[PDB]
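Just one chain follows, in the form solved without its partner chain, and it is written as structure tokens.
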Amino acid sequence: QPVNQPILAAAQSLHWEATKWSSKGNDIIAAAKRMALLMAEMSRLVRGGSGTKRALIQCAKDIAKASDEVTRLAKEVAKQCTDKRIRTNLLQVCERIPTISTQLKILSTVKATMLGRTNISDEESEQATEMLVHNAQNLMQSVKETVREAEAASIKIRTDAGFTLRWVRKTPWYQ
């Protein structure tokens, strides 16, 4: 009850996928790991405490900043990619993430402002939490799918490609 469980589970789900790989030479992995860590912080932040109001807003801003890095790099991976099927799939997912993370910023600010205000009912409070939780699950899922496809895409690369990512296997774990 102290820490939201469905937010922590979503963060955990992405952490498991991202920790299948090394961050070295791979930004997408590094940013996805930062995102999973921040989303676990978010599950504590949702239950407001003095000084959590500014932290809730900043945590969502950091999550959105890390998701822009994932989006930006995955778009670069996809354009070079020779397989149309993979290239198209990767581009749809990359496109979705900015919208989801923009919504995370809105809902976090709404939740934080509310915490700051004593009057709101337990219903409005629970509902603002459930909207945040839904967004968090959607975000974690989208990034996880983006990781998978960016790796699949990596196998096929343009001979003349400007940059490459490193995909080295590591033993995954949960935070």
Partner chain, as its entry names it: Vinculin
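Here the rigid core means the biggest group of C-alpha atoms that line up within 1.5 Å when the two forms are laid on top of each other. Residues that one form lacks are left out of the comparison. Numbering follows the first chain given and starts at 1.
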Subject >> Of 111-119 and 132-140, the stretch whose C-alpha atoms average the higher B-factor in the entry >> reply: 111-119
**OP:** Would you mind comparing 97-105 and 79-87 for me and telling me which has the higher average C-alpha temperature factor in the entry?
**Re:** 79-87
Original post:
Per the coordinate record, which of the options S125, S67, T52, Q58 holds the highest CA temperature factor?
Top reply: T52
**OP:** Have a look at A152, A18, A11, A161 and flag the one whose Cα has the highest B-factor in the entry.
**Re:** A161
Original post:
Going by what the PDB entry lists, where does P172 fall on CA B-factor within its chain: lowest, middle or highest third?
Top reply: lowest
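What comes next is about the form solved in complex with its partner chain, which does not appear here.
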Original post:
Heavy atoms within 4.5 Å of its partner chain in the deposited bound form: does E69 have any?
Top reply: no
Original post:
Quick one: is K75 in contact with its partner chain in the deposited bound form, heavy atoms, 4.5 Å cut-off?
Top reply: no
Original post:
With a 4.5 Å heavy atom cut-off, would you call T99 a contact of its partner chain in the deposited bound form?
Top reply: yes
**OP:** Find out whether any non-hydrogen atom of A30 is located within 4.5 angstroms of its partner chain in the deposited bound form, and reply yes or no.
**Re:** no
Original post:
Which of the residues spanning 141-160 lie within 4.5 Å of its partner chain in the deposited bound form, based on heavy atoms?
Top reply: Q141, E145
Original post:
Upon rigid-core superposition, which contiguous segments of at least three residues exhibit Cα shifts of 2 angstroms or more between the shown form and the other one?
Top reply: 48-51
